[PDB]
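J.: This one's experimental. Sequence and coordinates below.
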Amino acid sequence: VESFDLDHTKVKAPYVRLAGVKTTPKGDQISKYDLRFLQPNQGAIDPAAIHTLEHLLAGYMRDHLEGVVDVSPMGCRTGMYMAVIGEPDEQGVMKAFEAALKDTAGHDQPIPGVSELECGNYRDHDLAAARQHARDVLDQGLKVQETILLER
Ligand SMILES: [Zn+2]
């Protein structure tokens, strides 16, 4: 239940999807979300661009959603992973994500936290590509994706 056994060939990106839920000792819930930009195995986001997306979404997601633990790039680079403290709310998360993406598409100022002091690879960034990826998601249109499990 902490990480649904998703069949990646059956989803339709871009989308927002509850990926699992971990219950804490006191009974709180940590909801995990799959914020999918690209269709699995049909292409990937460039490393610099996803690095920039990581920087931008850390703040923009928090501007539109409470309880955010952190927003991380997925190793497969087709989307971002985000854990949130709270019961599952795919609809609410989708709306926050949509708003954060508009903020991202319109981000014409410098990328935050890009320096020797605040970033581990400050030379690896791409605002233009980051902005266009946000635009592409909004153009295509988000939806809440149901998890289709692997029969195994
Ligand atoms: Zn960085």
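T.: Perfect, thanks for sending it. Residues are numbered from 1 along each chain as shown.
J.: buried residues in the helix or strand containing residue 134?
T.: Assigned by DSSP states H and E, residue 134 belongs to helix 127-140. Neighbour counts using 16 or more other CB atoms under 10 Å place 127, 129-131, 133-134, 137 of helix 127-140 among the buried residues. C-beta: built from backbone N, CA, C; applies to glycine.
J.: Give me the contact list for it.
T.: 13-14, 37, 45-46, 48-50, 52-53, 56, 98, 101-102, 104-107, 110-111 (CB atoms under 8 Å, 6 or more residues apart in numbering).
J.: try 6 Å this time
T.: Residues from elsewhere that reach helix 127-140, judged by CB atoms under 6 Å, 6 or more residues apart in numbering: 14, 37, 46, 49, 52-53, 101, 104-105, 111.
J.: coming back round to it: among the buried residues of helix 127-140, which one sits closest to residue 63?
T.: residue 134 (14.2 Å; CB to CB).
J.: How far away from the center of its chain is stretch 12-25?
T.: Mean-position distance between stretch 12-25 and its chain equals 11 Å (CA atoms, centre = their mean, to the nearest Å).
J.: how about the CA coordinates for that stretch, as PDB?
T.: Extracted in PDB, the C-alpha atoms of stretch 12-25 (Å, rounded to 0.1, in the frame of the first residue of the first chain):
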ATOM      1  CA  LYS A  12      -2.100   8.300 -20.100                       C
ATOM      2  CA  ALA A  13       0.300  11.200 -19.300                       C
ATOM      3  CA  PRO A  14       0.300  13.900 -18.300                       C
ATOM      4  CA  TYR A  15      -1.500  13.200 -15.000                       C
ATOM      5  CA  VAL A  16      -1.500  13.300 -11.200                       C
ATOM      6  CA  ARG A  17      -1.800   9.900  -9.400                       C
ATOM      7  CA  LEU A  18      -1.800   8.700  -5.800                       C
ATOM      8  CA  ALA A  19       1.200   6.400  -5.800                       C
ATOM      9  CA  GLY A  20       1.000   5.100  -2.300                       C
ATOM     10  CA  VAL A  21       0.300   6.000   1.300                       C
ATOM     11  CA  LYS A  22       2.400   5.500   4.400                       C
ATOM     12  CA  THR A  23       0.800   5.700   7.800                       C
ATOM     13  CA  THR A  24       2.900   7.200  10.600                       C
ATOM     14  CA  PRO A  25       3.100   5.700  14.200                       C
END
